[PDB]
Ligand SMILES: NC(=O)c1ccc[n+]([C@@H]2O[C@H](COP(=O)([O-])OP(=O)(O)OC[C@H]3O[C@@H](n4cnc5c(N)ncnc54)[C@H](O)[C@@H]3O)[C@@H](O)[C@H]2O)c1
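Just one chain follows, in the form solved without nicotinamide-adenine-dinucleotide, and it is written as structure tokens.
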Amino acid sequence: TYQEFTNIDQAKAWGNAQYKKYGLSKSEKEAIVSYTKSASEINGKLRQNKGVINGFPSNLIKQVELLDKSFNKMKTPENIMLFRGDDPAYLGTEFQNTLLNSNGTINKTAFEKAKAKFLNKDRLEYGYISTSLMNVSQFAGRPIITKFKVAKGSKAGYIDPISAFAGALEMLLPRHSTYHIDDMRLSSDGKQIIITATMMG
């Protein structure tokens, strides 16, 4: 079973308890802060280079390597569910402008195609993955919610306290992670795709 927080006070308490135990260095803390300030831009370069950072500038390599190594200290003590919201382009360029009907519902034919493309497949993310312990307004309007099943002992860091650029209840996952898409469904009001995926390392 995977713990899914349904109360924000419990979630915050649990995350803070993990954060206080990490024993991060000054330089690791600084690398995480720098990452939150440049997250979208850094993840793009990781994607273009397919995770190869050798060609990056010296200072950027050091930041990325510190961040990578900081995950040695940031592991979840239990099976946990993490949440992420995404826009249509997450499913591919072919879905960017076709996933939705004008009335705000997911187009059911596009959904069928998305399910055929991704269901029971593994996906590799070159960037780091930002998630949250709960879906509590920070993914408002996003048509795709992913629920990641993250096993006890997995690399995952509660960084909500570290920086003003960290998201609410943010759990950051390491770069170059692979997850398996277990299930894809529509929400009861037809306005979201809900994806369940099992995180690998």
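When you see a residue number, it is the position in the sequence shown, counting from 1. The term rigid core refers to the maximal set of C-alpha atoms that superpose within 1.5 Å between the two forms.
Omitted here: the form deposited with nicotinamide-adenine-dinucleotide bound. The next part is about that form.
Student: Given nicotinamide-adenine-dinucleotide superposed in from its position in the bound PDB entry using nearby C-alphas, should this pocket be scored open or blocked (3 or more ligand atoms within 2.4 Å of backbone or C-beta)?
Tutor: Judged against nicotinamide-adenine-dinucleotide in the bound PDB entry, the pocket is open.
Student: Please tell me whether any heavy atom belonging to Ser130 falls inside 4.5 Å of a heavy atom of nicotinamide-adenine-dinucleotide, as the geometry stands in the bound PDB entry.
Tutor: The answer is yes: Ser130 has a heavy atom within 4.5 Å of nicotinamide-adenine-dinucleotide.
Student: Looking at the partner-bound form in the bound PDB entry, is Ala116 within 4.5 Å of nicotinamide-adenine-dinucleotide by any heavy atom?
Tutor: No, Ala116 sits far enough from nicotinamide-adenine-dinucleotide in the bound PDB entry that none of its heavy atoms falls within 4.5 Å.
Student: Give a yes or no for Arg47: in the bound PDB entry, does one of its heavy atoms lie within 4.5 Å of a heavy atom belonging to nicotinamide-adenine-dinucleotide?
Tutor: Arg47: yes, in contact with nicotinamide-adenine-dinucleotide in the bound PDB entry.
Student: Report whether the minimum heavy atom distance between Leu67 and nicotinamide-adenine-dinucleotide in the bound PDB entry is within 4.5 Å.
Tutor: No, no contact at 4.5 Å.
Student: Could you spot which one of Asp122, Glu78, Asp87, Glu112 gets a heavy atom to within 4.5 Å of nicotinamide-adenine-dinucleotide in the bound PDB entry?
Tutor: In short, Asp87.
Student: Taking nicotinamide-adenine-dinucleotide in the bound PDB entry, would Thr36, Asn43 and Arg142 all count as contacting it (heavy atom within 4.5 Å)?
Tutor: Yes.
Student: Which of these moves by 2 angstroms or more at the C-alpha between the shown form and the other one, core superposed: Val64, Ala166, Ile145, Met134?
Tutor: If I go through the list carefully, the shifting residue is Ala166.
Student: Assuming the CA distance changes by 3 angstroms or more, are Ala166 and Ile42 closer together or farther apart in the bound PDB entry compared with the shown structure?
Tutor: Between the C-alphas of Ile42 and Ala166, the gap widens in the bound PDB entry (3 Å or more compared with this form).
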